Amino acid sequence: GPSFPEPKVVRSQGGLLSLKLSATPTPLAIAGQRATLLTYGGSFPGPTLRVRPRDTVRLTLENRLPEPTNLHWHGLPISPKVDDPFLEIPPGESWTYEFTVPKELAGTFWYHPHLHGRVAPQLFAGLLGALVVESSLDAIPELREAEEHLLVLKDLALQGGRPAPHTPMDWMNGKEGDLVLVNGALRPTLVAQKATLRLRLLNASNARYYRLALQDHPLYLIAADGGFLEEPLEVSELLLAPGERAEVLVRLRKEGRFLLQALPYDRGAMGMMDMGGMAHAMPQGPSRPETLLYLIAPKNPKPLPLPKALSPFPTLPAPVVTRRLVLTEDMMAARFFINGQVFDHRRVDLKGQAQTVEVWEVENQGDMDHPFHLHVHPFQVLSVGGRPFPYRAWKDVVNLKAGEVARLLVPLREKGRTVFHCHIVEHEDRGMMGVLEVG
């Protein structure tokens, strides 16, 4: 096939994407070995769904797993009566998700399970896929002429031909695997045919971070989790925490082979040591560097000019309330808290008013990085760690290093009961989740 593997794309037809998708244990060949994963649509990753604004999506999920499951339409500002974090599809049963894609939307989104207590093993086993909302901005020449690819960043560990089980330490840290894959392939080669690449990036890992850097090149950020920036932003590297997305332009500068790497990054994962005293927790330190893919430039590359503008970001109404949510950890118990509490599906933690704007101050008082995710209501990151954010764009995951405060501007959109949680999904399963009701 193509030198660069990418998930099969399913496109809406005549404004309708109608698709049956099974969640099933699936034999397959992955990274040169046979393994049985849990997949959507028989593939790892699941198929990429490509839609336009105002399309209707009608997705029937058939659960052929031995445990209940559901879908989270991660990043989509749709109703929590559709993107229902409390829904349970029992084994053997089916459920149809039907929604309209919002008119003012563009970017890379994704779908994965969100059944509390079971997310980490199901996501780690292979249950995820991308959703792309294509926009009229994709027709400006500087983007239309670029060579576009999706890069699903997800790691894996195998044991006896199956996803490796979760250990107690995995529940504390979030599980990372030794197979660091792109679109389910081990260090694939991308033989570029054009000098400008447009790369949609998705961190679909349980817990692994990707400190992205392309050898000898900057990256030009053009979209965050949930929409375009206002103009391209040059970066030397780009950290993608679990659940985050980005879109970048790569302007290949000369012929040759360039490594795209996940540079060493210390997210605060912990190990245990015994040095004659008692057993003590000790930092794992930075991750070892990983090569994600080999990028081969074309002959005599002459990249397009960057676009001068992308999408203006909405001027939001003045906020009507400021909220403070404090993240803490009990590492040895693998328990994780928001404002001193663990998730309870019966308890409403925040009550807000639809079509008002709130300021959310999220403070990480733990020692690990925590990627904070809010369902249903995309937000504008104002600042993190006391540093103003260098661009305006819709995000739905914000990474907090130890001690940092993020200030978010949160317009409340669809009414209903939804959740916010750490997207180290082990931490969510172990209680770092709360309930927001919008009325």
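Under this definition, the rigid core comprises the largest set of C-alpha atoms superposing within 1.5 Å between the forms. We number the residues from 1 along the sequence you see.
Would you say which of 277 to 285 and 132 to 140 moves more relative to the shown form in 8 other deposited structures of this protein, going by RMS C-alpha distance with the core superposed? Farther from the shown form on average in 8 other deposited structures of this protein: 277 to 285.
With the rigid core held as the alignment frame, decide whether 267 to 275 or 205 to 213 lies farther from the shown form in 8 other deposited structures of this protein, in terms of RMS C-alpha distance. Of 267 to 275 and 205 to 213, the stretch deviating more in 8 other deposited structures of this protein is 267 to 275.
Pick between 76 to 84 and 219 to 227: the one whose mean CA B-factor in the entry is higher. The stretch with the larger mean CA B-factor is 76 to 84.
Decide which of the stretches 120 to 128 and 186 to 194 has the higher mean C-alpha B-factor, going by the entry. Here the higher of the two C-alpha B-factor means belongs to 186 to 194.
Which of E176, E147, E93, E247 ranks first by CA B-factor in the deposited coordinates: In the PDB entry, the greatest C-alpha B-factor among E176, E147, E93, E247 is found at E93.
Between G32, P27, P378, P47, which one tops the list for C-alpha B-factor in the PDB entry? Most elevated C-alpha B-factor of the set, per the entry: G32.
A318's Cα B-factor: lowest, middle or highest third of the chain? Highest third.
Among the chain's modelled residues, which third holds the C-alpha B-factor of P163? Ranked within chain, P163 CA B lands in the middle tercile.
Test of reading the entry: by CA B factor among the chain's modelled residues, which third contains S236? For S236, whose C-alpha B-factor we compare with every modelled residue in the chain, the answer is the middle third.
Sorting the chain's modelled residues by C-alpha B-factor, tell me whether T56 ends up in the lowest, middle or highest third. For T56, whose C-alpha B-factor we compare with every modelled residue in the chain, the answer is the highest third.
Comparing against every modelled residue in the chain, figure out the third that the C-alpha B-factor of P264 lands in (lowest, middle or highest). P264: CA B-factor falls in the lowest third of its chain.
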